[PDB]
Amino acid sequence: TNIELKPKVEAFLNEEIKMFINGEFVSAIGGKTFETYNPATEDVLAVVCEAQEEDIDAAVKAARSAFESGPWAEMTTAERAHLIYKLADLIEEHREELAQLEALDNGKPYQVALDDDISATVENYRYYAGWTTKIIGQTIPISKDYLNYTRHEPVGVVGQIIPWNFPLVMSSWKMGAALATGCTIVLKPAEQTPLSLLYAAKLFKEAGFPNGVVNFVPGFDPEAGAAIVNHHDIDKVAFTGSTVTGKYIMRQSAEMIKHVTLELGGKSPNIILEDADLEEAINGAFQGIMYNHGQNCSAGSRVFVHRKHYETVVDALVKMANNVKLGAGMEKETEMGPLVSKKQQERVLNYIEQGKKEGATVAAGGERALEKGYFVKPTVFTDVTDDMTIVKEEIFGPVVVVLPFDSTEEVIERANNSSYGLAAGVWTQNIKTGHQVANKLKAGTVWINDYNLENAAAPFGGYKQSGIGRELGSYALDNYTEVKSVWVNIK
């Protein structure tokens, strides 16, 4: 039993989905299109204009112009704040449309898209609306003969690329901080998930964003992706997605000495210590990995359990795994949707095979589910060791690896022995051991007796090969900023 389609999403899917360049909704200069799918049913869900290299130079020129002259270059910070703020309101106004688009286009459940994704995107904008007037430089006291101050100047035209797992919320992670600073934007959504953002384009127009401040260019990584990465007149690039493609972007960026920001993958450890509150910790371990179908860079894909509790938690995770209600995002019953694509499904089925072939046991799941659509069963793997492919590599599906350990110093050593370092979970009732452990984990975010919490105000990012830089909080601003130290001789 189904969620009735919102009239505005009907009217929107009923037509070719246009790109948004220089204030206008447009086709690709050359007329190419591509299809996005409903991953639950595998039908074409919409036909979308495809940005080629040439649509990207157009988007760069519009952003370059909006950055140098016209209202965006001349507004006070109070006016810019006010724009970002009205955007937040219109989005909030269209919350149901956007959540349906996310459910339909990404696959995730409607009600979680609404409660989590949409509300976070709104609040992110609202939080960044707030920074615009508060991005301060320094005055530095050095000597009587000089006034010394710094300016935090927006770097300019920003190229941003985002993946398909939290489409709209990620557009906001990118654009809220970049906009707060006065930059202009050329942003490409993922091929699997363009609809969320191109719908939101209506909302930027209604809010009154001047022409060119924001430019949305959907398409493929080798064409629209590359053309952004390689553009001579883009001042800075931010990317989230595969550790692999990150390497590429940094390499390409070398050429222009362009600042890079990278939010990449993870194999984040979720540590249940001997004195954890097991009630809570089991739920955390399960939510840790299963939330968004495991399609989450910071998923707790390695669940470490003290030996005392090992069997209890395996038994619980197994029971909860076989209980998940799989089905369509737009069906009210659904607890976990399908994976985003056929390719994504095949890759995680592959990993499960490698798991088996390496000698690990599947204690639940391990295979596809349902009649059509890209589903996989929640999977729990057991009898696992540290050097196994499934324990080392990011799978990006509802697949968890559970790992006994015997001492605190041991679990920190094994949690840290990864070139990933996005996130980590620690479950202990003890005040001393919670901080001591959090301190010693090499990870950008540590939750003590929780997991998977994000907020506009708290920075998020990787150590080691999980990333360069932070997004969210005050920290994300520095990425979009170029520091100028002015010395005024006054002797």
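We number the residues from 1 along the sequence you see.
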Entry B factor averaged over C-alpha atoms, 39-47 against 439-447: higher for 39-47
Stretch with the greater mean C-alpha B-factor as recorded in the entry, comparing 377-385 against 149-157 = 377-385
Say you rank 192, 172, 268, 322 by Cα B-factor from the PDB entry; which sits at the top?
-> 322
For 399, 162, 244, 98, the deposited C-alpha B-factor is largest at 244
Where does residue 407 sit by CA temperature factor within its chain: lowest, middle or highest third?
-> highest
Taking the C-alpha B-factors as the PDB entry records them, is residue 106 in the lowest, middle or highest third of its chain?
-> middle
Give the position of residue 236 by CA B-factor within its chain, expressed as the lowest, middle or highest third.
-> middle
Relative to the other modelled residues in the chain, which third contains the C-alpha temperature factor of residue 64: lowest, middle or highest?
-> lowest
Ranked against its chain, the third holding the CA B-factor of residue 10 | highest
